[PDB]
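In: Next input, structure requested:
(one chain, ligands or ions: 1)
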Amino acid sequence: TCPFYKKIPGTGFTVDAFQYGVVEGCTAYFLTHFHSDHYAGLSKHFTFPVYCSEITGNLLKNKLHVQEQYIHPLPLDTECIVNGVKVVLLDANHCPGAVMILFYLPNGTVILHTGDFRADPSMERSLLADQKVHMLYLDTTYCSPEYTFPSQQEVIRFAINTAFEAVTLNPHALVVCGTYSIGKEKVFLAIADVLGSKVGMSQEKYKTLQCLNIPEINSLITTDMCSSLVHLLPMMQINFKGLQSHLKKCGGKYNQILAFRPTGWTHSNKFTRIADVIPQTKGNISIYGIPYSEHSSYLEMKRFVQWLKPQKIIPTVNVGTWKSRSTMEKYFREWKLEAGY
Ligand code: NI
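Out: Residues are numbered from 1 along each chain as shown. Below is the structure in question.
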C-alpha cells in the first residue's frame, strides 16, 4: 500500500506515489523529478492531476505520453495555490527539472519535502530562509559518515584534463560516457566542449535531452555518430566486452577507447583522493569510475539539517530495514544535540 512517508498530512496530497493504483483520498499527485523509481506507474492512461516542474512536464508529455490536460507545470521560486493550499517548488540540485516542495498547511504547519537533492549552502538563501519548517521529508540516500565525495567541480576538472591529455596524445582515441537516466549531463558535455566535438547518441537519448531547456543544446549534441568523438552509451555497455564491440562498429576510425562510468559512491572514496584515481585497462580500452554524485554527502546533509532546524525528520530512503532506520535516527539526535535545537 502507499507508505506513510509519501503522504502529506492535512492535505489530499501525495509525493512520488504513482505505483499504488488510485490512492484513497488523493486529490493531487506531485512528481519531484523524472527518475523511474519516482515516476513508476505513470503512462498515457493517467487521469489525475500531476504537479511538477516545467522540465519534468516536457518529459511526461514527450517520453511517457501523458496527456497535456493532466500535466500541471509550476514555475520555481513562486508562491502558487493548489486545491486551496499554498506551495513553492525550489531547485533540488539533483538532475534537470528536480525540485523540493514547500507546503504551507492551513493549520500553520510548514513542510519541506526534499525529493532527491544534493544539499548546498546556496539553498540557505532561497525562500527557505524566510520562515520556519516544522517537518522535513529528507533524502537520506547517503546518511552515514563513510559517505564522502568531492565537489562536482573537482570531478569535472579531473575528467576534462584526463580526456584532453589522452586525445591530444592519440587523435585516434574515442571517448565514451555511460548513462541510464537523466542527470550528470555535465560530465559528457564538459568533455565534448574541451575536445571541440558534439556528443553523439541514440535518437531516444537525443529526444530526452531536447526536453531539458539546456541553453545552446542544438550546438552541443547530435545523432550523427560518425561526426562525433564523444559517444554516449547505455551504462550496461560500459565494460570491456561492450566497448570492444562498439569499437568494431566505428570502422577503423579509432584504435583506442577512453570510457567514463559516473558512479554514485564507491568504497575507494574511503581511501583514495580524486587526483589519485586510476582506470581498469585491457588492451587499448581504459574505464574510469568517477564519483560524480547528485545526492548530498553525509556532511552536506548534516549542515543543511543543522541550518534548517526542523522539529521532526521523516526519512524517505533506506527506510526498509530496522538497522538502517535505527542508525539514521541516531544521527538525527546527534545533530540536534550538537546544534541545540
Ligand atoms: Ni533521483
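In: Show me what from the stretch 101-250 of the chain comes close to the ion.
Out: residue 116 (CB under 5 Å from the ion). (Each C-beta comes from the backbone N, C-alpha and C, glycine too.)
In: can you give me the strands for the stretch 101-250 of the chain?
Out: 110-113, 135-138, 173-179, 199-200, 221-222, 230-234 (DSSP state E, counting those that start in this stretch).
In: of these, which approaches residue 127 most closely?
Out: strand 110-113 (10.4 Å; CB to CB).
In: ok now that closest one, how far from the chain's centre?
Out: 20 Å (CA atoms, centre = their mean, to the nearest Å).
In: For that strand, which helices and strands make contact with it?
Out: strand 99-104, strand 135-138 (3 or more CB pairs under 8 Å, 6 or more residues apart in numbering; DSSP states H and E).
In: List the pairing partners of it within its sheet, with orientation.
Out: With DSSP bridges as the test, strand 110-113 is paired with strand 99-104 (antiparallel), strand 135-138 (parallel).
In: contacts for the longest one?
Out: With contact meaning CB atoms under 8 Å, 6 or more residues apart in numbering, strand 99-104 is reached by 8, 11, 13, 15, 30, 32-33, 52-53, 56, 76, 85-92, 110-115, 117, 127-128, 133.
In: cool, and stretch 190-209?
Out: By CB under 8 Å, 6+ apart, stretch 190-209 touches 59, 62-63, 156, 159-160, 163-164, 167, 175, 177, 179, 182, 185, 188-189, 217, 219-225, 227-232, 260.
In: Buried only: go through the residues you listed for me.
Out: Buried subset of the contacts of stretch 190-209 (neighbour count, 16 or more other CB atoms under 10 Å): 59, 63, 156, 159-160, 163, 167, 175, 177, 179, 182, 185, 188-189, 220-222, 225, 228-232, 260.
In: what about residue 93, distance to residue 29?
Out: With the distance defined as CB to CB, to the nearest Å, residue 93 ends up 23 Å from residue 29.
In: So for the two, which residue has more residues nearby?
Out: Neighbour comparison, residue 93 and residue 29: the larger count goes to residue 29, with 25 against 19 (by other CB atoms under 10 Å).
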